[PDB]
Amino acid sequence: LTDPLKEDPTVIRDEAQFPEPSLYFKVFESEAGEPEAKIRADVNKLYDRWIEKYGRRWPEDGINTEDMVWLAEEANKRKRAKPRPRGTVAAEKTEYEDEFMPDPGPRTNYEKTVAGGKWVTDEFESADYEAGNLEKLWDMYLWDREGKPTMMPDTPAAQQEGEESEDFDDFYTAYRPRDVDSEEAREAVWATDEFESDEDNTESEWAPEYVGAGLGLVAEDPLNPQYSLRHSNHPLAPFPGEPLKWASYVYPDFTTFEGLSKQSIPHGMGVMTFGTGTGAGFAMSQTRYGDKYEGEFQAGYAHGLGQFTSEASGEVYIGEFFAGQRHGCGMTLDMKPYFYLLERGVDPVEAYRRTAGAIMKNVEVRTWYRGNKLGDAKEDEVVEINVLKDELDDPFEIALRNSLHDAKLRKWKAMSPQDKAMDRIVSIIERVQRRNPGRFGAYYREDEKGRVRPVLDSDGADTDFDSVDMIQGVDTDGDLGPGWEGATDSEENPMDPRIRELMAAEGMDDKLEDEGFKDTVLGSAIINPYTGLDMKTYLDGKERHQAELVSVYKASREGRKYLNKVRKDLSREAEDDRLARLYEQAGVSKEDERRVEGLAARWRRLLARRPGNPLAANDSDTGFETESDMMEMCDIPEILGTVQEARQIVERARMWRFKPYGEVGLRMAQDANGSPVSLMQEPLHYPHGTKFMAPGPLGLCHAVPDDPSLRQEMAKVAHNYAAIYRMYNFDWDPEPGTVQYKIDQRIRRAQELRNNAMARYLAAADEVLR
Amino acid sequence: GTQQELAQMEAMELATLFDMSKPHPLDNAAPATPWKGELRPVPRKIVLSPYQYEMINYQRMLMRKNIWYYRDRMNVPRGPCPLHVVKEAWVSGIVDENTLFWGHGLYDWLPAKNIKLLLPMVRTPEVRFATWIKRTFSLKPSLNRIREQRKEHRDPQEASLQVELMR
Amino acid sequence: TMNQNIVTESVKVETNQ
């Protein structure tokens, strides 16, 4: 077969017009929040329509009267829920004539328009049609005979008290009978303009994605995974808009940064030296004057892989960073004695010989979580301990749980999407009720006299919900958490009981005052006139209180006598019988259940925080709020690999350190007396017999100064340069026994296998189609 | 029968074909013809599409204000280099197509010939003529003299960078 | 209990460990 990788490049000939019809006439789903694209979309449709009639993407005559009708109704359709018409009128036209508009290719508007329909007649104002649409949507009467609103206030808006006038097309749409959705409300009041009659909500506006390091992602194009970073601010995102710049910043506190930057923020790779203060997200107490961090930066944070070096203290850390703190695997060395001997006039070789062994013995490998070292709170043994705890249960519970695990999967495999949504809603409701179950049936009662009264508890509380945790939060178990100036490093030093009770009483009277203010401010408005639901209870979330109160009042003797006077002028049993039917239908008597319960409890349970793995990826019902304060600790090979890659990252990042003419280079490169020095970084001048450093033919003409350490350094630099070179230049005909040869062999094998698979698919298609 | 087994085996092979840790029998195999060192044939006739013309124009627009940097043998960045400074350094024989350069549109340091449009900018006809003169009459005799004078340049292992300077 | 620095030697000794 022909070699795909050895085609003769004698004649190169491409045929592609720059305004490419493949790339130009196309609408992307990536362009969703952009309004102008909508117009383009319609235009594109028109093009296709013309191609369907003339085949030239250009219309004879021009845009006709029926093109707008087609593009309005027939072109694109939107999802509705359900119609339910009727065939008989329920109103009378005996009132002032021309009150209701009449209602009896005539198929539709487009069919009539293409059959010679002028559509030129104009009549009536828009407000009448919008009011009629709202009235039919409500299925009520919103205006009386005189024309004054019946469901909204008709008096002029009081400028005092903060109220302002509101049009009907807004009030009758922001306040609706809950069987009308936002889309139908917008469609009823003729909201058509794309640019001015639409706004983006605070919680629904488009924002760039967050990908972090961007390692684990679904690749839309498998060959190039960088294509999936186009919607983020990742340093390697394609075409940011402004080129990444080699920033060399000196801050007023003498903190210096040198490396890649996006906009004006450090971004990509670089080296940062700390002066007074801090930077790169580090804590104020971590750094000193002269410490440095080399490695990856992201959004001004030391995020990724790097190395932190402190010349004053000697600590050296190599490894992973998240945000501005150590998070992941890391390796720690303490080279303090080496620096101590170096600063006291000892040559480096002698100091290394003296202090190599002690430093090598004290090398530490660790796993860090949010800047804290793990391994002291038995983080390593958590999983095994939890497995043993799960194994310590009674056999019946374990068997039932294991059967339920398979039953859930088998049930979910065959459910409909609507059934899945309902199931997830039920699960969410159950999870919520596991913390705050409503006091249904215990909100209102009747006293001895028969008067309805609220049902309080052993305290001054009507429901378990408190509005003070909204500003302070709640832990996983139920405790609140830190507050303003909470002090009490450990709460084993509690507050005095007298102060506690006094403050509790003061909080109770404050709650009473708050309730009084809320009532006197919001209780006058009416939300639901059928049940007397005011705005205060509606906005406090106590609608079920009113729902129970209505039934309690109507069932009371006083309520019954009032109803008589004005007239003068699931259940527990259902669940029980369903459970009994389920028990009977399976052939399991209650005696068997009692026997099994006795066997489990008296014979097994008497013989001798939810179950599961605390560190689990898939958890069915999660809530995305429970937080793990630990991670699987790195093993030695993983730490070694992390250090090996971090050293590569540091070496690659240390290439932005001495920009030729930059502020840091001009102001921080000094001799012994502190005066500036003329660094040999001229692009054309190589003085004092250093022309061997020229990376060209000129360098070969001159000789090296004959220093073994310099020769080793040059050899290492040459090795790095060759390693960089090999990644962009290949051989046309590789020799057998080399890596590139096996790569080419595998590529050819892949092509052959794909061709065979396609041939088999074609054979199957031919068999099916004939 | 056998067809289905062969298809399943081929699917299994496709599953692990690009797993570079797994050895494969087609590695270091005997080619259909005996191996001889070949080179890619040089193209003769090139016909650019308008797409390529406009892409080149756009790239030239993006890089018309760039300032370049390059690295020496000691791995030190060297000088703020506008286009004419780069041309002078190329003519003087200080840099060549293998030097590591950096500009605005890149993320890392790459060889000069691997940057999209850097060699066409430098290589004006005058630059070509001057670099040919410099290679032929200044650097080559000096290299011969330094090779003859000092034995530290091993005859069997001699670099050929001066020969290809003209390009 | 050609040229390499202290980190490489420590990593190699741990790898042997």
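Residues numbered from 1 in each chain as written, not as in the entry; some residues may be left out. Chains lettered and ligands numbered in written order. Part of a larger assembly, values for the part shown. Heavy atoms only, no water. Residues with missing side-chain atoms left out of burial classes, pairs and counts.

- Per the PDB record, this model was obtained through cryo-EM at a reported resolution of 2.77 Å.

### Quick word on the overall build of chain B
Here's step 1: Scanning chain B from N- to C-terminus turns up five helices and five strands.
Here's step 2: Counting from the amino terminus, chain B carries its helices and strands in the arrangement α-β-α-β-β-α-β-β-α-α.
Here's step 3: C-alpha atoms of chain B, sized along the principal axes, occupy 75 × 50 × 35 Å.
Here's step 4: Relative to all contacts within chain B whose residues are 6 or more apart in sequence, the contacts with residues 24 or more apart total 54%. (Helix = DSSP H or I, 4+ residues; strand = E, 2+ residues; numbered from the N terminus. Contact = heavy atoms within 4.5 Å.)

### Here we look at the overall build of chain A
Here's step 1: Broken down by element type, chain A carries 23 helices and 14 strands.
Here's step 2: Compactness check: chain A gives a C-alpha radius of gyration of 39 Å against a globular reference of 27 Å for 770 residues, more than 25% above the reference.
Here's step 3: Counting only C-alpha atoms and orienting by the principal axes, one finds that chain A spans roughly 120 × 90 × 70 Å. (Rg over C-alpha atoms; globule rule 2.2 N^0.38 Å.)

### Brief notes about the pairing of strand β3 (residues 77–81) of chain B
Here's step 1: Taking burial as the measure, the five residues of β3 of chain B include four buried ones, the bulk of the element.
Here's step 2: Where strand β2 (residues 68–71) of chain B hands over to β3 of chain B, the hairpin turn is made up of five residues, of which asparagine 75 of chain B adopts a positive phi near 65 degrees. (Buried < 20%, exposed > 50% of the residue type's maximum accessible area, 1.4 Å probe, protein only. Pairing = 2+ DSSP bridges.)

### With respect to the sheet that holds strand β9 (residues 364–369) of chain A
Residue and element names in this part refer to chain A.
Here's step 1: The sheet built from nine strands is open, its strands ordered β2-β3-β4-β5-β6-β7-β8-β9-β10 with antiparallel pairing. At either margin of the open sheet sits one strand with a lone partner, and together these are β2 (245–250) and β10 (372–373).
Here's step 2: Taken together, the seven bridges between strand β7 (residues 315–322) and strand β8 (residues 325–334) define a ladder with antiparallel strand orientation. Its bridge partner lying in β8, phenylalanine 322 is registered against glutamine 325.
Here's step 3: With respect to the sheet, helix α19 (residues 636–653) is in contact with β4 (265–273), β5 (292–297), β6 (304–309), β7, β8 and β9, its orientation differing from that of β6 by roughly 80 degrees. (Axes fitted to C-alpha atoms, helices over the stretch in contact; angles between N-to-C directions.)

### A word on the sheet that holds strand β5 (residues 110–111) of chain B
Residues and elements named next belong to chain B.
Here's step 1: Overall, antiparallel pairing links the four strands, which are arranged β3-β2-β4-β5 in an open sheet. Strand pairing shows two members of the sheet lacking a second neighbour, β3 and β5, which therefore form its edges.
Here's step 2: Here strand β4 (residues 100–102) pairs with β5 via two bridges, running antiparallel. Pairing of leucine 100 across the sheet is with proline 111, part of β5.

### Focus on the interface of chain A and chain B
Here's step 1: Taken together, the contacts link 71 residues of chain A with 78 residues of chain B.
Here's step 2: A buried area of about 7000 Å², summed over both sides, lies between chain A and chain B, and 65% of it is on carbon and sulfur atoms.
Here's step 3: Between the two partners, chain A and chain B, sit four salt bridges.
Here's step 4: Of the charged contacts in the structure, one is a salt bridge between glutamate 10 of chain B and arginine 760 of chain A, with a shortest N-O distance of 2.5 Å.
Here's step 5: At the boundary of chain A with chain B, the tally comes to 35 residue pairs in polar contact.
Here's step 6: Every element with two or more residues in the side of chain A that touches chain B is listed here: β1 (11–13), β2, β4, α21 (697–701), α22 (708–725) and α23 (739–769) of chain A.
Here's step 7: Per-element tally for the side of chain A that touches chain B: the top contributor is α23 of chain A, with 11 residues.
Here's step 8: Note: β1 of chain A against strand β1 (residues 45–47) of chain B, three bridges, orientation parallel. Bridge pairing links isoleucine 12 of chain A to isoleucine 46 of chain B in β1 of chain B. (Buried area = accessible area lost by both parts, 1.4 Å probe. Salt bridge = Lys/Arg side-chain N within 4 Å of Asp/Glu carboxyl O. Polar contact = N/O pair within 3.5 Å; in protein donor to acceptor, adjacent residues only side chain to side chain.)

### Digging into the pattern of salt bridges
Where side chains of opposite charge bring their charged atoms close, a pairing between them can arise.
All names here are of chain A.
Here's step 1: Evaluated as defined, the whole model comprises 40 salt bridges over all chains.
Here's step 2: Of the charged contacts in the structure, one is a salt bridge between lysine 536 and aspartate 540, with a shortest N-O distance of 3.7 Å. Here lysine 536 and its partner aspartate 540 are both found in helix α14 (residues 535–540), four residues apart, which amounts to about one turn of the helix.
Here's step 3: Looking at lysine 536, the relative accessible area reads 10%, which means it is buried.
Here's step 4: A relative accessible area of 30% means that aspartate 540 is categorised as partly exposed.
Here's step 5: The structure contains a network of salt bridges with shared partners spanning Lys292, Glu294, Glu651 and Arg654.

### Quick word on the interface of chain C and chain A
Here's step 1: At the junction of the two partners, chain C supplies 11 residues and chain A supplies 15 residues.
Here's step 2: Here the residues of the side of chain C that touches chain A are counted per class, giving three nonpolar, six polar and two charged. (Nonpolar A, V, L, I, M, F, W, Y, C, P; charged D, E, K, R; others polar.)

### Let's talk about the UniProt feature "binding site: Mg(2+)" (unreviewed entry) in chain A
Residues and elements named next belong to chain A.
Here's step 1: UniProt records the feature "binding site: Mg(2+)" (unreviewed entry) at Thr622 and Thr626, using the numbering of this structure.
Here's step 2: Secondary-structure assignment places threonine 622 in the loop between α18 (590–605) and α19.
Here's step 3: With respect to the helices, strands and loops of the structure, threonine 626 is situated in the loop between α18 and α19. (UniProt positions renumbered as here; feature names shortened; annotations may be inferred.)

### As for the environment of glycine 371 of chain A
Here's step 1: On the secondary structure map, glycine 371 of chain A appears in the loop between β9 and β10.
Here's step 2: Beyond its immediate stretch of four places on either side in the chain, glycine 371 of chain A contacts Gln325 and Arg326 of chain A.

### Re the state of the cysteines
Residue and element names in this part refer to chain A.
Here's step 1: Under the defined criterion, the tally for this structure stands at one disulfide over all chains.
Here's step 2: Disulfide partner of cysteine 329: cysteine 634, at an S-S distance of 2.0 Å. Between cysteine 329 and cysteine 634, the S-S torsion sits near -90 degrees, and that sign places the bridge as left-handed. In this pair, the class of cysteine 329 matches that of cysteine 634, namely buried. (Disulfide = S-S within 2.5 Å.)

### What about the arrangement of the chains?
Here's step 1: By contact count, the leading pair among the two pairs of chains in contact is chains A and B.
Here's step 2: Separated without contact, chain B and chain C have their nearest C-alpha atoms at a distance of 17 Å.

### Let's talk about the nonpolar core
Here's step 1: Ranked by internal contacts, the top residues of the largest apolar core, which has 29 residues, are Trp68, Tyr70, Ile94, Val95 and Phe101 of chain B.
Here's step 2: Mapped by element, the contributors of at least two residues to this core are α21 of chain A together with β2, α3 (83–91), α4 (119–122) and α5 (125–149) of chain B.
Here's step 3: Element by element, the count of residues in this core is highest for α3 of chain B, at five residues.
Here's step 4: Non-local contacts of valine 95 of chain B, meaning those with residues more than four positions away in its chain, are made with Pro695 of chain A together with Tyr70, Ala89, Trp90 and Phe101 of chain B.
Here's step 5: Listed in part, the 19 residues of the second largest apolar core include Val316, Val346, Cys634 and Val643 of chain A. (Core = buried A, V, L, I, M, F, W, Y, C linked by side-chain atoms within 4.5 Å.)

### Description of the packing of aromatic side chains
All names here are of chain A.
Here's step 1: One pass over the full model with this rule turns up 33 aromatic pairs over all chains.
Here's step 2: The interplanar angle of 50 degrees and the centroid separation of 6.0 Å between the aromatic rings of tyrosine 47 and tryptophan 50 together place this pair among those described as tilted. Placement of both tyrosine 47 and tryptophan 50 in helix α2 (residues 35–53) is noted, with a separation of three residues, approximately one turn of the helix.
Here's step 3: For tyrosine 47, a relative accessible area of 24% corresponds to the partly exposed category.
Here's step 4: Between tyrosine 249 and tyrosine 251, the ring centres sit 6.3 Å apart and the planes meet at 70 degrees, which makes this aromatic pair edge-to-face.
Here's step 5: Residue class for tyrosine 249 comes out partly exposed when judged on its relative accessible area of 28%.
Here's step 6: Of the aromatic side chains, those joined through ring pairs into one cluster are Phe257, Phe274, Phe282, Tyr293, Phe297, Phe308, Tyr317, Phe321 and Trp368. (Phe/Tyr/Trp six-rings, centres within 6.5 Å; stacked < 30°, edge-to-face > 60°.)

### Side note on the environment of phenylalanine 124 of chain A
Here's step 1: Here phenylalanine 124 of chain A is to be found in the loop between α4 (109–113) and α5 (126–138).
Here's step 2: Not counting residues within four places of it along the chain, the set of residues in contact with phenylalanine 124 of chain A comprises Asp98 and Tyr129 of chain A.

### Things to note about the packing of α2 of chain A against helix α3 (residues 65–74) of chain A
All names here are of chain A.
Here's step 1: For the pair α2 and α3, interaxial distance at closest approach is 11 Å and the crossing angle is 120 degrees. Taken together, the axes of α2 and α3 are oblique relative to one another. Our pair here, α2 against α3, has a crossing hand that is right-handed. Contact residues: α2 offers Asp42, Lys45, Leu46 and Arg49, while α3 offers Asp67, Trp70 and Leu71.
Here's step 2: In terms of residue class, the contact of α2 with α3 is made up of three nonpolar, no polar and four charged. (Parallel < 35°, antiparallel > 145°, perpendicular 65-115°, else oblique. Left-handed = near helix turned anticlockwise from the far one by under 90°.)

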